[PDB]
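Engineer: The structure is given below, and queries will be raised subsequently.
There are 2 protein chains.
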Amino acid sequence: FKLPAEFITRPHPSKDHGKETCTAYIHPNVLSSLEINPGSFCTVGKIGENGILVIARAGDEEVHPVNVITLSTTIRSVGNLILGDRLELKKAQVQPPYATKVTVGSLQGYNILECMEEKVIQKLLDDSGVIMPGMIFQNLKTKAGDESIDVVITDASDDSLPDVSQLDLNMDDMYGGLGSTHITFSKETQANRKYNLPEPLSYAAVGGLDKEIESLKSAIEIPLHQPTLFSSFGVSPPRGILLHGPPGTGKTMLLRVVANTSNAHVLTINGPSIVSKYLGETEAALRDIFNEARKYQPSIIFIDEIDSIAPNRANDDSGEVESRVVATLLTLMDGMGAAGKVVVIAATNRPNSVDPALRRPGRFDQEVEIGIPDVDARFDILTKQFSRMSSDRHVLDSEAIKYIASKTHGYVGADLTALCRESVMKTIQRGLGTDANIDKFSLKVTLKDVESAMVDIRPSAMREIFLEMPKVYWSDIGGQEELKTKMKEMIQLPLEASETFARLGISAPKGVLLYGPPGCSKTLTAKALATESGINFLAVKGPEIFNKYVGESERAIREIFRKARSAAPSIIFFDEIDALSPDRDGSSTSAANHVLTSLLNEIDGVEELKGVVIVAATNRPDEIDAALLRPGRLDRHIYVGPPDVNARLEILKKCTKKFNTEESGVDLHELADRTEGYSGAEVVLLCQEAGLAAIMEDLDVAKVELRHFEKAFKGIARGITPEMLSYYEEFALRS
Amino acid sequence: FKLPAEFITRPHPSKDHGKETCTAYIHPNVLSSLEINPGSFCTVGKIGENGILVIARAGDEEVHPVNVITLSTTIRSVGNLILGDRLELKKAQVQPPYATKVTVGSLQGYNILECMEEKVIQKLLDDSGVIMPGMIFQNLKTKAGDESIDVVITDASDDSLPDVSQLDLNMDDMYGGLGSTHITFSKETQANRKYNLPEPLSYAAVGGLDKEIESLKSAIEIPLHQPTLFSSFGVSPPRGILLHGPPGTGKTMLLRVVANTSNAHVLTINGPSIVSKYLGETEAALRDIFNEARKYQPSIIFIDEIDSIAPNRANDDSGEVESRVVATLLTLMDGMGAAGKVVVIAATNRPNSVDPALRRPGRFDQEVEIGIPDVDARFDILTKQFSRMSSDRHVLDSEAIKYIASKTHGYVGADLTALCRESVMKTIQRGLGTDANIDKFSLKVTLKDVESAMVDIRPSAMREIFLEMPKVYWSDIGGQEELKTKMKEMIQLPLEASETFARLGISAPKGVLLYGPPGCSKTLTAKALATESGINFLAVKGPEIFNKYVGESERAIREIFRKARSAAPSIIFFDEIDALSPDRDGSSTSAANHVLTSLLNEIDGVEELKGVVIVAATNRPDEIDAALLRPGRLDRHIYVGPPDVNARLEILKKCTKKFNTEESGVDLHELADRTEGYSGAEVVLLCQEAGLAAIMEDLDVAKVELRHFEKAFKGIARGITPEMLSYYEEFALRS
Ligand SMILES: Nc1ncnc2c1ncn2[C@@H]1O[C@H](COP(=O)(O)OP(=O)(O)OP(=O)(O)O)[C@@H](O)[C@H]1O
Ligand SMILES: Nc1ncnc2c1ncn2[C@@H]1O[C@H](COP(=O)(O)OP(=O)(O)OP(=O)(O)O)[C@@H](O)[C@H]1O
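Protein chains in written order, with my numbering: chain X, 347 to 1081; chain W, 347 to 1081.
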């Protein structure tokens, strides 16, 4: 009459040996209600995934409640069963025919154990069950050496009639005390891909964000193992961790890894699936799920799509479910206990849509930022996935990996998986079309397939609120020695002299203004400084912050400034400030005025900042208002205009690297002498049509002639009159 | 007590012989629930299709699940029973009266078997059941000569008293070992239209989109037939395929043909019919159907009208049916398994209504897009439609079909079927009203009826995003030789110099500007490019993109840009920019500014487009954005002014082909010299008005008179002024 509906997996206590494979502690009332012999096989429905983990069953001692059961540590580890997943119970399966090979695998080991074997097979098949997808057994004590070792029995040659039963449990039959079928020791293979078991994600599988990953691991590890120190402190641990960022970064992988690696209680929710039309039933279900959550002392609660389940009160009062469930959740979330052990983490797509009451300092004062992967993160992801499918399928040098990673600038791990999948699919289809069903191993993976995948992938993440501009070394950029010394000085002052600035009292001017021709000295200088400094740098455009909605630009500027503070002491930079700055001559809407006032308050409004230094670049000198041109802010000015000879030589030799200089015969000096009146963008375009004039003559060319350079020099006018030079000079002298 | 409602169909396994006609695996409880003899006939409700498929029934072995049923591949083929349709149970009907003919048809072959017949009557009539619409049996082994044949028993002359049953099942009676009347083998007729049984759609039913249907078949067959290679790769092969295009292109028949071309299980939905007033009922049904589809390895999932089921999250937050179903379906789609053998098919008319999060590259990056068929595809579909009922019903020359296809430019396959139906009904009514119920075989189908139906169809809205201009070749366009050289160089550079650009790093300027009079050389050039280059051509009109709705134009621009990018690297042309460029004057709305900044960011902003080429045509270059024309981008400029003497002479020669030049006596050069200030548009206009004046004198004429030409010329002003030419020249000087 009990009619059980859901079951929860539980750890096996007391260790020892016991059954260890077929514990199955279910109350006898459930067994009687299912008209199934207790001394027979059991089932693990776990919602779908046919095979149902046919394992033998036993009985409890009236000490395990019907709501929670156990299904053996090794079985749940092999099946990737998280501790506390939803479970059902159905009719058992018929007996298997026989077992064929049962071959050891020796996972995470180099094998060659010789005397350390001491008849492993006796312990392997001395226990009932032993399912073929694997079995993890601790080493316990094995002569001198201690240590630990794992075994894998995936490889076999047993065929079962029902194709749906992918688990196809195998029986055990050995003769011994304390002849098999053609021995058991045969090579040290890992889990086979013929059955394609679900690979359990490990620590090495995730990475690329070690700075945040280690912090999250510590923040979830120190309360779950050492609560006595926090209780003695009296401040109580924070019970909530908030995760947010661009979609596709894979925030669920971290929680999945820390759930499958840890042996504590793990439960997950589908979001609004529990929520129904009724209110009392949903409230009762919530109380029941939290009751089952905290009834076990070690537990971790995972919530998905908090923004959807907790809509903002002010944003939209749509109806149905609203902020009263949010309030009751907050009330029950403020009072678990003084010490406590249950820790709940939160992952959301966007933070603004989430109710600000949720992320109060008393509950979520720690913030985890998961941004778009950087170049190093892309290196790590490519390397880890290459190591994941090994070099057997294909081999590729590190040069191609670094080139394809340098091509990627705003790509994400989801995008990288899309590229690899499309490359594999294109390789398969090309092989089928051309080679007429040739062996797939020989075809492998080549660079042109990856290039084609890059061409036709068309990712849906072209618009990003945060831009990670690719980094370039100092060789590409050609600058001036005084300019380089100044840039290095103003990037080394706030990061090294901050310790002595306390006793000095000067701190930093924190004001940098950049003005010059639009040809160059606007983005490459920032790229070089970011590359050399090694600090996190973000790029934001002028028109990008502007939006049709009134107040949207204010939220964007406030949130990017908040990210600037949250991303450690670094350097912030604006691509073009000549849009919001004009307010009187350029008229414009009041949104520009509000943004200007907000940024003025943020930089010099009854506050002070020692970590971040604002850098502004403008196209015109006179477009800035008099409010910005005030002593104490942006006092320093850099000419960064018509650079001297050595910068031109550097940029010309960088652009001429592809071409041959010795064969041309030019000394690379007269070109710079005649080009001294040009700018970077027009120099780049000029060398472009010079190459074009070289190429269309007789198609492919590896040599460029002087006549082509002479023709291209007069093709484009200088486009520069000394009016702007005089204006820049008169703007410089008045400062 | 269980009260079953709906059943499912499954193939009979183990092959062999068994029964092959009346398996009907039914559990004993259902047998007792029908209060009828188990050794008697049963029925298949199949939600309609009166007759209810009266077939004999038997029992299962308690292993076969009660929910599903098996009713033999012959009956599935005869009744078009898709693998997974709803099924209903009902009491048996009246006993079969008698059998009359049972004659073999032997379709898809030339018949004339004789030698290897070996008494087919024995095999056909030794099986219990045998329903008269037809028996489909595999060849198995027939002496030496392997291969396979198909037999159809659609022809018969038996009538049953109840007209509700359209199947009128019969019995078998024969004498032999290892009596009917008038033998069995007779004639070679195809499927009879008297009963008009539904026919199974095949690959030959759809044509003209071979490159699309083959790609779809591959994308549904390699991931399903051989998942072992993908499992070995371990790249999580995609499970879903998206079908998109304009309404009426005929995607539903593609889904039906791919569903019935394979014996695997298929799920079919009826749109929002699954939605119920209970919030939990919908999600419960979704998880139930997902689980039942997953626990059978061979399965295909069909999604119809995802736009209605899944609306935009950020656009329509109506309530109840919201993104919660999207979240739960994504959760189900995430981790059902590793290898799998199930694929999902999703089709919708409007990709815009699809939620942006649902359009992601992580595991749904692959796209299958079908557009408006061209003249070749239309001709192929028309000739296939004619061949469907062959020359017996109607006769038409291939030139008539080609002319009809040429006339059809923007039509769709649904419109083509409407044209065919209109022609048929117009012919029927005309023959009836003309000859007082004469036989329909005399009139047949003529080109006049097709033309009348084409005139009377009156298409509602022939507006699309992929405009298909009429094909125009080289001789139809007259222009200067310099422009021809420039266009040849511009089309030759990308395709035959991409490798050189990659080696040199120059890439391409990807900027083409066309400024000139709006008469000619603006759309005629695009029409010429549409055919002479051989590359896919796209034309977007300025007034067309503008609309009353705010933001719809932006969405259309985004959609067309991503479609052009994803389709293939090709030259894209935009017709007229005068409706959006003048934003600095007249107080233009913010939408135009957003469009301009979006195109500026997507053309040359933190990314490059090495495949496609940006081509823009303008009338007034002074109204373009100041921040749009900069050195290094869109640098190429074409004068493309008024046509010269040669171009005007070519236009006159092309337009004069209708009349006779010898009779008129004009040299086709003096008129061009006199008409020097007229661009191509008003040149063809004056030619048309001269022809009008020529034909108003004595109706049809064979030549144009000089007096008529001079009267037409003197009645229309030149419309040109030296000031605009001087302005164009001085603007070209600065470029
Ligand atoms: N670090 C990574 N390594 C490998 N693949 C990754 C990584 N991060 C993301 N992916 C790929 O992106 C896909 C989607 O990522 P995932 O579902 O974990 O992200 P999410 O942001 O939590 O999800 P959602 O898009 O539903 O919000 C994964 O299935 C995987 O293919
Ligand atoms: N290519 C074609 N060849 C022949 N008949 C066609 C073709 N395209 C459409 N038709 C006709 O038009 C009808 C409409 O097509 P159907 O009902 O299959 O919808 P669909 O076009 O796939 O759907 P939707 O309107 O959602 O795009 C077909 O039943 C058929 O009679």
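For each residue, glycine too, the CB sits at the ideal point set by N, CA and C.
1) Starting from the C-beta of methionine 682 of chain W, find all residues in its chain whose C-beta is less than 7 Å away, skip the five residues before and the five after it, and write them out in chain order.
2) In chain order, what are the residue ranges of uninterrupted alpha helix (DSSP H) at least 4 long that sit wholly in the segment 527-601 of chain W?
3) Using a threshold of 7 Å, is the CB atom of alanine 760 of chain W nearer than that to any non-hydrogen atom of ligand 2?
4) With a threshold of 6 Å on Cβ separation, who are the neighbours of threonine 574 of chain W within its own chain once the five nearest residues in sequence on each side are excluded?
5) Which partner residues of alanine 693 of chain W appear in the DSSP bridge assignment?
6) Looking at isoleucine 615 of chain W and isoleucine 649 of chain W, is the spacing between their C-beta atoms short of 8 Å?
7) Round the Cβ separation of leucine 417 of chain W and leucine 380 of chain W to the nearest angstrom and send it over; I've been treating them as touching at under 8 Å.
8) With distances taken Cα to Cα, identify the nearest neighbour of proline 593 of chain X among X/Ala1039, X/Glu651, X/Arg585, X/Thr628.
9) Comparing alpha-carbon positions, which option in W/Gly957, W/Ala913, W/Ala963 lies nearest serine 927 of chain W?
10) Taking buried to mean at least 16 other C-beta atoms within 10 Å of its own C-beta, is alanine 1048 of chain X buried or exposed?
11) I'd like the span of the beta strand (DSSP E) that includes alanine 962 of chain X, first residue to last.
12) Let's test the definition: count the other Cβ atoms within 10 Å of the Cβ of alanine 605 of chain W and tell me whether it reaches 16, buried, or not, exposed.
13) Within a Cβ cutoff of 6 Å, which residues of the same chain sit near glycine 1023 of chain W, ignoring the five residues on either side of it in sequence?
14) Does the beta carbon of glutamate 715 of chain W come closer than 8 Å to any beta carbon on chain X?
15) In whole angstroms, give me the CA-to-CA distance for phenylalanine 531 of chain X and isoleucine 458 of chain X.
16) Rounded to whole angstroms, what's the CA-CA distance from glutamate 922 of chain X to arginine 539 of chain X? Just pull it up for me.
17) Assign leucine 513 of chain W to buried or exposed, taking buried as 16 or more other Cβ atoms, counted over all protein chains shown, within 10 Å of its Cβ.
18) Round the Cβ separation of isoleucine 997 of chain X and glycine 1026 of chain X to the nearest angstrom and send it over; I've been treating them as touching at under 8 Å.
19) Within the same chain, show all residues whose beta-carbon is closer than 8 Å to that of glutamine 484 of chain X, passing over the 5 residues directly before and after it, in chain order.
20) So with Cβ pairs under 8 Å, would you call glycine 394 of chain W a contact of chain X?
21) Less than 7 Å between C-beta atoms, sequence neighbours within five positions excluded: which residues of the same chain meet that for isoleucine 1041 of chain W?
22) Using a Cβ cut-off of 8 Å, which residues of the segment 508-539 of chain X contact any Cβ in chain W, in chain order?
23) By Cβ distance below 6 Å, which residues in the same chain neighbour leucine 515 of chain X in space, the five residues on each side in sequence not counted?
24) Could you give the DSSP three-state label for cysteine 461 of chain X: helix, strand or coil?
25) Using DSSP's beta-bridge definition, name the partner residues of residue 312 of chain X.
26) So who's on the other strand from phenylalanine 732 of chain X, going by DSSP bridges?
27) What span of residues does the beta strand (DSSP E) with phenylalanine 920 of chain W cover, start to end?
28) Just checking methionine 682 of chain W against ligand 1 - is the residue's beta carbon closer than 7 Å to any of the ligand's heavy atoms?
29) Taking 7 Å as the cut-off, is the CB of residue 320 of chain W close to at least one heavy atom of ligand 2?
30) Between the alpha carbons of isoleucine 811 of chain X and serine 912 of chain X, how many angstroms are there, rounded?
31) By a C-beta neighbour count over all protein chains shown, 10 Å radius and 16 as the cutoff for buried, is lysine 1003 of chain X buried or exposed?
32) If you check the beta carbons only, do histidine 373 of chain W and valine 412 of chain W fall under 8 Å apart?
33) Who are the neighbours of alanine 760 of chain X on chain W, taking C-beta pairs under 8 Å?
34) Of all the residues that make up the segment 622-636 of chain W, which are near chain X by a beta-carbon distance shorter than 9 Å?
35) State the CB to CB distance for the pair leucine 429 of chain X and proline 357 of chain X, rounded to an integer number of angstroms; the pair is presumed to be in contact (CB under 8 Å).
36) Mind pulling the chain X residues with CB within less than 7 Å of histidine 940 of chain W?
Structural biologist: Let me lay it out:
1) Looking up residue 682 of chain W in the second sequence gives position 336. Answer for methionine 682 of chain W: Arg640, listed in chain order.
2) 556-571, 573-579
3) Position 414 of the second sequence holds residue 760 of chain W. Flag set: Cβ of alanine 760 of chain W near ligand 2.
4) Numbered from 1 along the second sequence, position 228 holds the residue referred to as residue 574 of chain W. Nothing listed; no residue qualifies.
5) Here residue 693 of chain W corresponds to residue number 347 of the second sequence, with the count starting at 1. Partner(s): W/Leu589, W/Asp650.
6) Within the second sequence, residue 649 of chain W is the residue found at index 303, counting from 1. Within the second sequence, residue 615 of chain W is the residue found at index 269, counting from 1. The answer is yes: Cβ separation under 8 Å.
7) By one-based count along the second sequence, residue 417 of chain W stands at place 71. By one-based count along the second sequence, residue 380 of chain W stands at place 34. Contact doesn't hold; Cβ gap of about 16 Å is too wide.
8) For the purposes of this step, residue 593 of chain X is taken as residue 247 along the first sequence, with counting starting at 1. It is X/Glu651 whose Cα lies nearest to the Cα of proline 593 of chain X.
9) Stepping through the second sequence from its first residue, residue 927 of chain W is reached at position 581. Of W/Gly957, W/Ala913, W/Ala963, the residue nearest in Cα terms is W/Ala963.
10) Translated into the one-based positions of the first sequence, residue 1048 of chain X becomes position 702. With fewer than 16 other Cβ atoms within 10 Å, it is exposed.
11) In the first sequence, counting from the first residue as 1, residue 962 of chain X sits at position 616. Per DSSP, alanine 962 of chain X belongs to the beta strand (DSSP E) from 959-964.
12) One-based indexing of the second sequence puts residue 605 of chain W at position 259. Buried, since its Cβ has 16 or more Cβ neighbours within 10 Å.
13) Position 677 of the second sequence, counting from 1, holds the residue named residue 1023 of chain W. The residues are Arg1064, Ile1066.
14) Taking the first residue of the second sequence as 1, we reach residue 715 of chain W at position 369. Not one beta carbon of chain X lies nearer than 8 Å to the beta carbon of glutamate 715 of chain W.
15) Taking the first sequence and counting its residues from 1, the one referred to as residue 531 of chain X is at position 185. Taking the first sequence and counting its residues from 1, the one referred to as residue 458 of chain X is at position 112. Using only the alpha carbons, I get a separation of about 10 Å.
16) The count along the first sequence starts at 1 and reaches residue 922 of chain X at position 576. The count along the first sequence starts at 1 and reaches residue 539 of chain X at position 193. Roughly 54 Å separates the two Cα atoms.
17) If you number the second sequence from 1, residue 513 of chain W lands on position 167. So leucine 513 of chain W ends up on the buried side.
18) For the purposes of this step, residue 997 of chain X is taken as the residue at position 651 of the first sequence. For the purposes of this step, residue 1026 of chain X is taken as the residue at position 680 of the first sequence. The beta-carbon distance between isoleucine 997 of chain X and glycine 1026 of chain X, rounded to whole angstroms, is 7 Å. This is short enough to meet the 8 Å contact definition.
19) In the first sequence, residue 484 of chain X corresponds to position 138, counting from 1. So the list reads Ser494, once near-sequence residues are dropped.
20) One-based indexing of the second sequence puts residue 394 of chain W at position 48. It does not: the Cβ of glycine 394 of chain W has no partner Cβ on chain X nearer than 8 Å.
21) For the purposes of this step, residue 1041 of chain W is taken as the residue at position 695 of the second sequence. The beta carbon of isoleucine 1041 of chain W sits closer than 7 Å to those of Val1047, all from its chain and outside the five residues before and after it, given in chain order.
22) Those would be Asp509, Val510, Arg539, in chain order.
23) Within the first sequence, residue 515 of chain X is the residue found at index 169, counting from 1. Around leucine 515 of chain X: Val400, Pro442, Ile477.
24) Along the first sequence, one-based indexing puts residue 461 of chain X at 115. Correct three-state label for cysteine 461 of chain X: helix.
25) The structure shown does not extend to residue 312 of chain X, since chain X spans only 347 to 1081, so no value can be given for it.
26) Working through the first sequence from its first residue, we reach residue 732 of chain X at position 386. Per DSSP, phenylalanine 732 of chain X has no beta bridge partner at all.
27) For the purposes of this step, residue 920 of chain W is taken as residue 574 along the second sequence, with counting starting at 1. First-last of the beta strand (DSSP E) with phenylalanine 920 of chain W: 917-920.
28) As a first step, residue 682 of chain W must be located in the second sequence, where it is residue number 336. For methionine 682 of chain W, the shortest C-beta to heavy atom distance toward ligand 1 is 7 Å or greater.
29) Look at the range of chain W in this structure, 347 to 1081, and you will see that residue 320 of chain W is not part of it.
30) For this step, residue 811 of chain X is matched to residue 465 along the first sequence. For this step, residue 912 of chain X is matched to residue 566 along the first sequence. When rounded, the distance between both Cα atoms is 16 Å.
31) Reading the first sequence from its first residue, position 657 is the one you call residue 1003 of chain X. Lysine 1003 of chain X should be labelled exposed.
32) In the second sequence, residue 373 of chain W corresponds to position 27, counting from 1. In the second sequence, residue 412 of chain W corresponds to position 66, counting from 1. Taking a C-beta distance under 8 Å as the contact criterion, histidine 373 of chain W and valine 412 of chain W qualify as a contact pair.
33) Walking along the first sequence from the start, residue 760 of chain X turns up at place 414. For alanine 760 of chain X, the residues of chain W that pass the 8 Å Cβ criterion are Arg706, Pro707, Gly708, in the order they occur in the chain.
34) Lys623, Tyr624, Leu625, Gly626, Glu629, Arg633, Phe636
35) Stepping through the first sequence from its first residue, residue 429 of chain X is reached at position 83. Stepping through the first sequence from its first residue, residue 357 of chain X is reached at position 11. At roughly 7 Å, the Cβ-Cβ gap stays under 8 Å, so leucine 429 of chain X and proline 357 of chain X are in contact.
36) Mapped onto the second sequence, residue 940 of chain W falls at position 594. Ordered by position in chain X, the residues that pass the 7 Å Cβ test against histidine 940 of chain W are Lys894.
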